[PDB]
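Okay, input31.json is below, JSON, C-alpha atoms:
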```
[["chain", "number", "residue", "atom", "x", "y", "z"],
["A", 1, "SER", "CA", 12.94, 11.00, -128.22],
["A", 2, "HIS", "CA", 16.78, 11.16, -128.73],
["A", 3, "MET", "CA", 19.08, 9.94, -131.58],
["A", 4, "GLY", "CA", 22.85, 10.54, -131.85],
["A", 5, "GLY", "CA", 22.93, 9.41, -135.47],
["A", 6, "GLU", "CA", 22.55, 6.56, -137.98],
["A", 7, "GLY", "CA", 25.29, 4.14, -136.94],
["A", 8, "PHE", "CA", 26.00, 0.57, -135.82],
["A", 9, "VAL", "CA", 26.97, 1.96, -132.37],
["A", 10, "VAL", "CA", 24.71, 2.46, -129.30],
["A", 11, "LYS", "CA", 25.37, 4.85, -126.37],
["A", 12, "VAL", "CA", 25.26, 3.19, -122.93],
["A", 13, "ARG", "CA", 24.54, 5.64, -120.06],
["A", 14, "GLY", "CA", 23.96, 4.72, -116.36],
["A", 15, "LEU", "CA", 26.83, 2.20, -116.12],
["A", 16, "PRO", "CA", 28.49, 1.69, -112.65],
["A", 17, "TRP", "CA", 32.08, 3.00, -112.19],
["A", 18, "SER", "CA", 32.84, -0.54, -110.86],
["A", 19, "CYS", "CA", 32.03, -2.35, -114.22],
["A", 20, "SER", "CA", 34.37, -3.42, -117.05],
["A", 21, "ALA", "CA", 33.55, -4.26, -120.73],
["A", 22, "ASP", "CA", 32.60, -7.87, -119.60],
["A", 23, "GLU", "CA", 29.50, -6.61, -117.66],
["A", 24, "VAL", "CA", 28.40, -4.25, -120.51],
["A", 25, "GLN", "CA", 28.84, -7.09, -123.07],
["A", 26, "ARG", "CA", 26.78, -9.33, -120.77],
["A", 27, "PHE", "CA", 24.12, -6.51, -120.63],
["A", 28, "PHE", "CA", 23.93, -6.59, -124.48],
["A", 29, "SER", "CA", 24.04, -10.47, -124.48],
["A", 30, "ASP", "CA", 20.94, -10.41, -126.81],
["A", 31, "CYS", "CA", 22.96, -8.23, -129.30],
["A", 32, "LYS", "CA", 25.83, -9.23, -131.67],
["A", 33, "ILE", "CA", 28.55, -6.80, -130.57],
["A", 34, "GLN", "CA", 31.08, -5.89, -133.33],
["A", 35, "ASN", "CA", 34.66, -7.02, -132.49],
["A", 36, "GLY", "CA", 33.44, -8.12, -128.99],
["A", 37, "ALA", "CA", 34.86, -6.12, -126.00],
["A", 38, "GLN", "CA", 37.01, -4.16, -128.55],
["A", 39, "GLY", "CA", 33.72, -2.69, -129.89],
["A", 40, "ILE", "CA", 33.02, -1.46, -126.30],
["A", 41, "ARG", "CA", 34.73, 1.83, -125.22],
["A", 42, "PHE", "CA", 33.86, 3.67, -121.96],
["A", 43, "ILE", "CA", 34.01, 7.49, -122.23],
["A", 44, "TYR", "CA", 37.18, 7.90, -120.09],
["A", 45, "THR", "CA", 38.02, 11.47, -119.01],
["A", 46, "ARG", "CA", 41.49, 13.18, -118.69],
["A", 47, "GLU", "CA", 41.28, 11.92, -115.02],
["A", 48, "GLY", "CA", 41.61, 8.28, -116.31],
["A", 49, "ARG", "CA", 38.11, 7.44, -114.96],
["A", 50, "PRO", "CA", 34.87, 6.57, -116.94],
["A", 51, "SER", "CA", 31.89, 9.01, -116.99],
["A", 52, "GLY", "CA", 29.59, 5.99, -116.32],
["A", 53, "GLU", "CA", 29.00, 6.03, -120.12],
["A", 54, "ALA", "CA", 30.27, 3.84, -123.02],
["A", 55, "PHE", "CA", 29.85, 3.27, -126.77],
["A", 56, "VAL", "CA", 29.17, -0.35, -127.89],
["A", 57, "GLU", "CA", 29.54, -1.25, -131.61],
["A", 58, "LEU", "CA", 27.16, -3.84, -133.16],
["A", 59, "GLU", "CA", 27.30, -6.00, -136.33],
["A", 60, "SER", "CA", 23.92, -4.73, -137.70],
["A", 61, "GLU", "CA", 21.36, -1.87, -137.37],
["A", 62, "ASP", "CA", 18.82, -4.58, -136.35],
["A", 63, "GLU", "CA", 21.16, -5.48, -133.44],
["A", 64, "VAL", "CA", 21.22, -1.70, -132.60],
["A", 65, "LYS", "CA", 17.38, -1.82, -132.29],
["A", 66, "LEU", "CA", 17.71, -4.96, -130.02],
["A", 67, "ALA", "CA", 20.04, -2.83, -127.84],
["A", 68, "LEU", "CA", 17.45, 0.05, -127.96],
["A", 69, "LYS", "CA", 14.60, -2.31, -126.79],
["A", 70, "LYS", "CA", 16.66, -2.90, -123.57],
["A", 71, "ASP", "CA", 16.75, 0.92, -123.02],
["A", 72, "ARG", "CA", 15.30, 1.03, -119.38],
["A", 73, "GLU", "CA", 16.93, -2.08, -117.84],
["A", 74, "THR", "CA", 18.97, -1.96, -114.59],
["A", 75, "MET", "CA", 22.71, -2.80, -114.93],
["A", 76, "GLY", "CA", 25.06, -2.75, -111.90],
["A", 77, "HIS", "CA", 22.41, -1.04, -109.72],
["A", 78, "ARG", "CA", 21.14, 1.92, -111.81],
["A", 79, "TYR", "CA", 18.76, 2.27, -114.79],
["A", 80, "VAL", "CA", 20.60, 2.32, -118.18],
["A", 81, "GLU", "CA", 19.76, 4.62, -121.13],
["A", 82, "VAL", "CA", 20.63, 3.10, -124.52],
["A", 83, "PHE", "CA", 20.73, 5.68, -127.38],
["A", 84, "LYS", "CA", 21.66, 5.22, -131.08],
["A", 85, "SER", "CA", 25.14, 6.50, -131.93],
["A", 86, "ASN", "CA", 26.88, 7.24, -135.25],
["A", 87, "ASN", "CA", 30.53, 6.12, -135.97],
["A", 88, "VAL", "CA", 31.22, 9.89, -136.23],
["A", 89, "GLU", "CA", 29.63, 10.70, -132.80],
["A", 90, "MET", "CA", 31.21, 7.67, -131.02],
["A", 91, "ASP", "CA", 34.75, 8.55, -132.31],
["A", 92, "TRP", "CA", 34.35, 12.28, -131.39],
["A", 93, "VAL", "CA", 32.96, 11.79, -127.82],
["A", 94, "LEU", "CA", 35.73, 9.21, -127.06],
["A", 95, "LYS", "CA", 38.36, 11.80, -128.26],
["A", 96, "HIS", "CA", 36.41, 14.77, -126.81],
["A", 97, "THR", "CA", 34.02, 13.90, -123.92],
["A", 98, "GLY", "CA", 31.02, 16.04, -124.95],
["A", 99, "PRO", "CA", 27.32, 14.96, -125.56],
["A", 100, "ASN", "CA", 26.82, 18.20, -127.62],
["A", 101, "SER", "CA", 25.85, 17.03, -131.15],
["A", 102, "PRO", "CA", 27.34, 18.66, -134.38],
["A", 103, "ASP", "CA", 23.99, 20.42, -135.09],
["A", 104, "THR", "CA", 24.15, 21.90, -138.64],
["A", 105, "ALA", "CA", 20.98, 22.22, -140.79],
["A", 106, "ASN", "CA", 21.76, 25.02, -143.31],
["A", 107, "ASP", "CA", 18.30, 24.72, -144.91],
["A", 108, "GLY", "CA", 16.04, 27.15, -146.82]]
```

Once more with this new file: its structure as structure tokens, please.
Amino acid sequence: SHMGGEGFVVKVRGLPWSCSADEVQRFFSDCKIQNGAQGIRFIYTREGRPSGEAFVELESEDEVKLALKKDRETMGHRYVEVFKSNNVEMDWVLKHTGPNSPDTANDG
């Protein structure tokens, strides 16, 4: 079990290097993607090339779950992992390519 955070974004992992936002949008055809292809952002490195990962925004948390039910399916050639991403996580991993979560639970 893995969650990035409570957000209207999902995390799309296992995408081919040869795909654009069109193919990823077509993958989430059963999901209402926020702002269309502008809601989709591949995690591009300093090398100007995608990690094979993206963040897709969605209109509703229900739509996020419809994205999560397709977590397994083969896109391009490979199996795709669909996680649940927060607006905070999505923004930070696009600016700073790092799957390391801001783990802070000062509890007692």

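The space between CA of residue 37 (chain A) and CA of residue 65 (chain A) spans 19.1 Å.
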
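Counting all atoms listed in the file, the residue from A:94, A:40, A:82, A:105 that sits nearest to residue 58 (chain A) is A:40.
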
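Residue nearest residue 22 (chain A), chosen from A:1, A:86, A:39, A:59 and counting all atoms listed in the file: A:39.
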
Check your understanding: Nearest to residue 50 (chain A) among A:17, A:79, A:8, A:92, with distances taken over only C-alpha atoms: which residue is it?
Key -> A:17

Review point. What's the 12 Å shell around residue 91 (chain A), counting all atoms listed in the file, without same-chain residues fewer than 2 positions away, as a list in words?
Key: residues 7, 9, 11, 39, 40, 41, 42, 43, 54, 55, 56, 57, 85, 86, 87, 88, 89, 93, 94, 95, 96, 97, 98 and 99 of chain A

Could you give me the centre and size, in Å to one decimal, of an axis-aligned box around all listed atoms of region 22-32 of chain A with 8 Å added on every side, as AutoDock Vina command-line options?
```
--center_x 26.8 --center_y -7.4 --center_z -124.7 --size_x 27.7 --size_y 22.2 --size_z 30.0
```

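Note that CA of residue 13 (chain A) and CA of residue 83 (chain A) are 8.3 Å apart.
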
Revision key, fill the gap. Min atom-atom distance to residue 90 (chain A) from the set A:53, A:2, A:20, A:27, counting all atoms listed in the file, belongs to A:53

Exercise for review: Figure out the distance between CA of residue 78 (chain A) and CA of residue 6 (chain A), please, to one decimal in Å.
Suggested key: 26.6 Å

Tell me, as a PDB file with C-alpha atoms, in the coordinates of the input, which residues lie within 10 Å of residue 62 (chain A), counting all atoms listed in the file; anything in the same chain fewer than 4 positions away does not count.
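This is the output file out-v5.pdb:
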```
ATOM      1  CA  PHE A   8      26.000   0.570-135.820  1.00  0.00           C
ATOM      2  CA  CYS A  31      22.960  -8.230-129.300  1.00  0.00           C
ATOM      3  CA  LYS A  32      25.830  -9.230-131.670  1.00  0.00           C
ATOM      4  CA  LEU A  58      27.160  -3.840-133.160  1.00  0.00           C
ATOM      5  CA  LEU A  66      17.710  -4.960-130.020  1.00  0.00           C
ATOM      6  CA  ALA A  67      20.040  -2.830-127.840  1.00  0.00           C
ATOM      7  CA  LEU A  68      17.450   0.050-127.960  1.00  0.00           C
TER       8      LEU A  68
END
```

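Using all atoms listed in the file, the shortest contact distance between residue 77 (chain A) and any of A:48, A:16, A:5, A:36 is found at A:16.
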